[PDB]
Structures are given as structure tokens and as C-alpha cells.
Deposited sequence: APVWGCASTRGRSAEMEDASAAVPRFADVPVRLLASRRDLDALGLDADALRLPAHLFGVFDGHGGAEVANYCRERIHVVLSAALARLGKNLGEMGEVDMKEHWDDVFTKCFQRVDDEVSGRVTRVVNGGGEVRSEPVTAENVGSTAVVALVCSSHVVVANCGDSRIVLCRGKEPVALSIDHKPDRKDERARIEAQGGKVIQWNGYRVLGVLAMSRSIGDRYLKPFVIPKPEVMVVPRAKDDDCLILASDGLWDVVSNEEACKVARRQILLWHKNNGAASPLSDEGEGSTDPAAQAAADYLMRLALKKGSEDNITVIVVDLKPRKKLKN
């Protein structure tokens, strides 16, 4: 059902440490996260029973290695699907609910659980149990994920990867980069006794150019795996979603990315698994980032929302 394309390259970097995920029908979204039980019961529908399929897209920008980005690619959608099913069952035991708080909680708990699995704080299952940390303590990854269903897009962001929505051929930021010099992030780090130091960019303790990530247990409690969540109902003028690592956003603005992606999709349709038009849009954004001098791995997912 989902119409998407994904282009990724190590680029001019030696090894590839970006990872990506695109999982159609990965879970059912509990409708009690989108509308109240009272309103649906007014129409005779049981909000706890209704089924709405959802797909998950994710970009995971690893640093220190590829192992945490790959672990995120393999595990986040599984943990999120299980957490969503458990949450639907437990919402059947509750009255009216603050929906944004529960979206925040389910994504926060999912990201924290993946982080705990990476750092070896909890056991993980593959028919076999795993317990020791997946890799070294200075390996980490960003995680920008978008749950897509017919009526809503839900974005959870942790790190400096970014997702942008093209609406009315204009850019709408669905995630705010977790940069250490962000006023609230610096305030939090400094309140914990940490330092934000401008050392080739503002960095946590002068080392890491992001204030949140999955992994990086040597930088706790300053670098946390807590995502920022946005719930956005889909609209008439939605064109597409752009998820990408900073390999794109370092050299391409939100506006240029949205324009290029939307016009590439339309041009493919005029001129003529993954969808070819969205794949051409993602390939064009990748190659554009390369042409404008991006040093990094580049990973771009374009999701056609029409």
C-alpha cells in the first residue's frame, strides 16, 4: 500500500553507517490514540476494536560504527509494533485519555527499550536470548521515524536527522534537530553538570554534535534517547514526506528538498518494493546532496502521500 522510495550512499565517506527502514503494515494503530471513545460510540463503533493499518519509515544515522544504526533498523519497528498492541489492549481498560501524552509515552518507552537493549541493560530475543551490550559504549545512532496511516502521520525524532512534510508545496518541519546549543537542550545538559562547548560545532562535552541519540552510553546522562513526538493529521495539500540523515540537510534546505521531491514525483508520472516516482525523487535528492559537496553518508526516504 505505501508509496515510497529510498536512496542511500556512503558518499565520499569511507564506510556506510547510515541505515534505513521501510515496513508496510508493521502494526495496527489503536484508534483510541486518534479519537475519543465517546465520539466513536456515538456512531456505534467500538474504538478499542477498530483496526487501522500503519506503515513505519525510519532513518538511523550511526556514528562510531554502523552497529547501532543497523540494530535500530532491525528492532525499532518490532518494539513499536509490540508496544502499540499492548497499549491498545490496555486502553481497552481505561476511560477517556490524553492522546498526545500516550503517543509521547509509547514512543519514549520504545526508544528507551531499544537503547536499553543496545547498552545491555535489558535482555533481548532474536529462539535465543541476548544480554551483553550490542557494541562499544561510544557507538550510537540518530532515529527519525514516521508512522504513516490513512489519516495521520506520527513522527518521533531523536538526534539531528530530520523529517519534513511538503504541504501545499511548502515545507513543514515535523522534527526539530537535537543540537546541543538549542536553548532547552543546553539548559538540560548544564543542569546535569555537563558542558556544551563550541569545538567544530557546538558539542556535548565538546565531543558529540547532538544532544540526543540511541546508544552512546559513555555520554549519559547528557545524551538521552528520549524522542520528540509530533502528531499531524493528513491534509488535502499533502505532497510527500522526506526523511533524511544530516547528509542531506547539511547542504540542502527544507524548501529545496520539498520542491525537488514533489516536482520529481510529478515529472516521473508525466514522463512515464519501491515506487519508481518516489525512488527517482529520493535518488535525485541523494545525488543533489552529493553535488553540493556533502561529506557524509546520505540517506533519503521519500513517501508519496497522495
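Engineer: Go through the deposited sequence from residue 1 and tell me which stretches lack C-alpha coordinates, in order.
Structural biologist: Several regions go unmodelled: 127-129, 276-287, 322-328.
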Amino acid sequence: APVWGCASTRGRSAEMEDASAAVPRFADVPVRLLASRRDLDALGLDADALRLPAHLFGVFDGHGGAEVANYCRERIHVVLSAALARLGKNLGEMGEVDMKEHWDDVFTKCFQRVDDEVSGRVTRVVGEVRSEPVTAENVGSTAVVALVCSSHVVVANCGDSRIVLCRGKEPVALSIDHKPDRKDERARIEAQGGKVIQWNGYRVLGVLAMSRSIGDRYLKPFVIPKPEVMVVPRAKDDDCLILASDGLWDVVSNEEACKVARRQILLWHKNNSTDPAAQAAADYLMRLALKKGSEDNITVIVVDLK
From here on, numbers count along this sequence of modelled residues.
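Engineer: Decide which of the stretches 218-226 and 231-239 has the higher mean C-alpha B-factor, going by the entry.
Structural biologist: According to the PDB entry, the answer is 231-239.
Engineer: Comparing average C-alpha B factors as deposited, tell me which of 59-67 and 28-36 sits higher.
Structural biologist: According to the entry, 28-36 carries the higher average C-alpha B-factor.
Engineer: I'd like to know which of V129, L208, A82, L147 has the highest C-alpha temperature factor in the PDB entry.
Structural biologist: Going by the entry's C-alpha B-factors, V129 comes out highest.
Engineer: At the C-alpha atoms, which of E170, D115, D160, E137 reaches the highest B-factor in this entry?
Structural biologist: That would be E170.
Engineer: Looking at the C-alpha B-factor of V196, is it in the lowest, middle or highest third of its chain?
Structural biologist: Middle third of the chain for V196's C-alpha B-factor.
Engineer: Looking at the entry's B-factor column for C-alpha atoms only, identify whether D246 ranks in the lowest, middle or highest third of its chain.
Structural biologist: Lowest third, going by the recorded CA B-factors of the chain.
Engineer: When the modelled residues of the chain are sorted by Cα temperature factor, does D296 land in the lowest, middle or highest third?
Structural biologist: Middle third, going by the recorded CA B-factors of the chain.
Engineer: Which third of the chain holds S119 when residues are ordered by C-alpha B factor: lowest, middle or highest?
Structural biologist: Its C-alpha B-factor belongs to the middle third of this chain's values.
Engineer: Classify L266 as lowest, middle or highest third according to the C-alpha B-factor given in the PDB entry, relative to its own chain.
Structural biologist: Its C-alpha B-factor, which the entry lists for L266, ranks in the highest third among residues of this chain.
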